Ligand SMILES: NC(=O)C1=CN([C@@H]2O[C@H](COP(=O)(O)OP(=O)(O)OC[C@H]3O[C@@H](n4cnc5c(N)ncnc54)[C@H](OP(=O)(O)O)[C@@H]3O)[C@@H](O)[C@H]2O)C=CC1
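Only one chain is shown below, in structure tokens, and it's the form solved without this ligand.
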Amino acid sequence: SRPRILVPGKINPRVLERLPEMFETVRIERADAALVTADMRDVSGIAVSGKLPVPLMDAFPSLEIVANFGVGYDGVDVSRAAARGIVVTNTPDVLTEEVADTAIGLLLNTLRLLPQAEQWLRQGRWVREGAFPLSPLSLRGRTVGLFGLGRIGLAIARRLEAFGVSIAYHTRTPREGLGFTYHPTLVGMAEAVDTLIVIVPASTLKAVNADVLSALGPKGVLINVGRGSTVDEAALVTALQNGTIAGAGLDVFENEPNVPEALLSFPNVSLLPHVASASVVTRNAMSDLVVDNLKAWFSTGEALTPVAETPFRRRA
């Protein structure tokens, strides 16, 4: 019979629309083991956006595959899935250009204060008060340091080159044939650049700390489009308050959808609710890749975009 695919919690409707091509669908209102009933013993696969708790993942003896919606899969315990022989797929490549677009957008918005300028116009202030204040910052003359690279980092770099900015990067191992300036230390890169873009596609927990920010300097701008936990929140707030850095743009946070109240108060900070890939067309392509992974697995025994930790083939 049609394999049974569990979808816990909210997911893009396009996933649900396309699952019935090959599958029977099982929904639970939230990603919670307590919602699992006895008749779900025959679940073979999971399609999920966001957190997949280990107790839910391990409630299914026939589970073969976790199709993760998103290029990041921190919400899936990949080590535990790998240990149980469960293949894990993600959604790379189909969102790369979109995410890079958002990152440039965030950066331009952080530097030039375009959303505030728009707000100023919409509130009637252009007429009565005159011109929106001049943005203290600009992309002109800036040097960018990429913390992490990957296909997304390359895409961002490619865009930034066309803006006439120098590109540096920091990764554990350098890359051959690139033409960006490599830096074996983060702090050293931060010393050499005024704009730090956190991508981090290894542990980087609190890597962007008080010393990295201090090194970045008083014209320094931090853009986080990677992992919220990579940035030391308390250190960022202090640095913004003291003018140790000049500004920041953040698309990710430690405890989404909550955003620290202190960050909301700064006039030189741009904040987005994790919209990196959040267009209809890109989220549809991601939805298609989730489903196509499942279809490919169950029909050919080979997934399309398995994660690096699970290069598996189906046995049945």
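For the two forms, the rigid core is made up of the largest set of C-alpha atoms that agree within 1.5 Å on superposition. One-based numbering along the sequence shown.
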statement: With the rigid core as the fit reference, the stretch showing the greater C-alpha departure in 5 other deposited structures of this protein, 32-40 or 251-259, is 32-40
Between stretches 96-104 and 74-82, more displaced by Cα RMS in 5 other deposited structures of this protein (rigid core superposition): 74-82
field: Deposited residues omitted from coordinates between residue 201 and residue 202, as a class
entry: 1 to 3
message: Going by the mean C-alpha B-factor recorded in the entry, which is higher: 72-80 or 133-141?
response: 72-80
task: Taking the mean of the C-alpha B-factors per stretch from the entry, tell me the winner out of 106-114 and 221-229.
output: 221-229
Largest Cα B-factor, entry values, listed residues 273, 249, 267, 61: 61
task: Choose from 100, 94, 121, 187 the residue with the greatest Cα B-factor as stated in the PDB record.
output: 187
- prompt: Once the chain's modelled residues are ordered by C-alpha B factor and cut into thirds, is residue 10 in the lowest, middle or highest one?
  reply: highest
message: How does the C-alpha B factor of residue 206 compare with the rest of the chain: lowest, middle or highest third?
response: highest
- request: Relative to the other modelled residues of the same chain, rank the CA B-factor of residue 172 and answer lowest, middle or highest third.
  value: highest
- request: Sorting the chain's modelled residues by C-alpha B-factor, tell me whether residue 44 ends up in the lowest, middle or highest third.
  value: middle
message: Split into thirds by Cα B-factor across the chain's modelled residues, where does residue 160 land: lowest, middle or highest?
response: lowest
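Just so you know, the form deposited with this ligand bound exists too; it's not on screen, but the next bit is about it.
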query: Where this ligand sits in the bound PDB entry, superposed onto the shown form by the site's C-alphas, are 3 or more of its atoms within 2.4 Å of backbone or C-beta (blocked), or none (open)?
result: blocked
- line: Answer key, this ligand contact in the bound PDB entry at 4.5 Å (heavy atoms) among 219, 206, 151, 84: the residue is 151
- line: in the bound PDB entry, the residue from 128, 80, 172, 122 with a non-hydrogen atom within 4.5 Å of this ligand is 172
message: Which is the contacting stretch out of 209-217, 113-121, 237-245, 71-79, given heavy atoms within 4.5 Å of this ligand in the bound PDB entry?
response: 71-79
message: Since only the chain is shown here, I'm wondering whether residue 201 would be in contact with this ligand in the bound PDB entry (any heavy atom pair within 4.5 Å).
response: yes
field: is_contact(residue 44, this ligand) in the bound PDB entry, heavy atom dist at most 4.5 Å
entry: no
message: Taking this ligand as it sits in the bound PDB entry, is residue 197 in contact with it (heavy atom to heavy atom, 4.5 Å or less)?
response: no
message: Residue-level question: is residue 227 within 4.5 Å of this ligand in the bound PDB entry, judged on heavy atoms?
response: yes
task: Would you check whether this ligand, in the bound PDB entry, lies within 4.5 angstroms of a non-hydrogen atom from each of 88, 293 and 309?
output: no
